[PDB]
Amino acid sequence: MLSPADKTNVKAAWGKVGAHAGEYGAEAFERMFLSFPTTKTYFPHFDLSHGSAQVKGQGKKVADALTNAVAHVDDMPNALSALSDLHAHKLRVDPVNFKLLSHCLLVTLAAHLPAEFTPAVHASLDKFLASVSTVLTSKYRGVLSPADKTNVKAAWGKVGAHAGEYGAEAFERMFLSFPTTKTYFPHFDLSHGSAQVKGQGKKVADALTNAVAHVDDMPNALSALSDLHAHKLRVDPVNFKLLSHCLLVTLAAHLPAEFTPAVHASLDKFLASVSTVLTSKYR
């Protein structure tokens, strides 16, 4: 979330960018294609050689769009509306790639703005490009529809008194599948059957039950949990995706009749929204 001082820092740097934004945009794509060659799969129709008119034009278009976003930083979803539609329905770039371009744009700005690229401005620019990325990927699936909310309530209703037991199973599945997540629990017994893991699973399932109950008001209902994870526990955001998968696996294994493709899709969306809320105060 862009603080007012964040907005000040971005406007500062981007002004300095000034008339070179298009050149810088092209350089960032060229850096991306070279450092992260999987990104070239989205441009097989381009001459991707150095200095190519197609790559230059791409950079200027992308630069103009970021200029638009800087100039409308307090209403980005609306300023970028057309662009969110096009990437969501037509281009369909996998979201992970936005992080790769954002890193190469940061690198480009660093290499060109020696005086301005201070630690605080770097932090602000990083947050700004993550917000842009978030807005551009926001319609790929589009936040919770009334059908999504119905599906979630129906499935979570069937979980019911088993909520805690499925939360403990989800953690155990996560620890065995993705051993790096164990680094957050060095003080627990992680063996199968562990009461500490059972207790953790219960707390998490209980919070989720609270989220389904307040599905139209999740940021307030989880505000204290958002604070806890961001300033105390400080779990790296990538791990929320790993637990969400393991929760989905757990539900599938216990709910053979209810876990339809449509319900699977709505649950994945719901857990991603929960994850978003829990990491929203990190920076």
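Heads up: residue numbers just count along the shown sequence, starting at 1.
Asks: Comparing 250-258 with 34-42, which stretch shows the greater average C-alpha B-factor in the deposited entry?
Replies: Higher of the two, by average CA B-factor, is 250-258.
Asks: Test of understanding: from the entry's C-alpha B-factors, which stretch has the higher mean, 273-281 or 2-10?
Replies: Stretch with the greater average CA B-factor: 2-10.
Asks: Using the temperature factors in the entry, find which of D148, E116, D85, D206 has the highest value at its Cα atom.
Replies: Comparing C-alpha B-factors across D148, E116, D85, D206, the maximum falls on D85.
Asks: For the listed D47, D236, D227, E27, which has the peak Cα B-factor recorded in the PDB entry?
Replies: By C-alpha B-factor in the record, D47 ranks first.
Asks: Looking at the temperature factor on the CA atom of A63, which third of the chain's modelled residues does it land in?
Replies: As the PDB entry reports it, the C-alpha B-factor of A63 lands in the highest third of its chain.
Asks: Using the B-factor values recorded in the entry, state whether the Cα atom of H103 falls in the lowest, middle or highest third among the modelled residues of its chain.
Replies: For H103, the deposited C-alpha B-factor lands in the middle third.
Asks: What third of the chain does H214 rank in for C-alpha temperature factor, lowest, middle or highest?
Replies: Its C-alpha B-factor, which the entry lists for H214, ranks in the highest third among residues of this chain.
Asks: Could you say whether, by C-alpha temperature factor, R141 belongs to the lowest, middle or highest third of its chain?
Replies: Highest third.
Asks: Quick one: classify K202 as lowest, middle or highest third of the chain based on its Cα B-factor.
Replies: Middle third.
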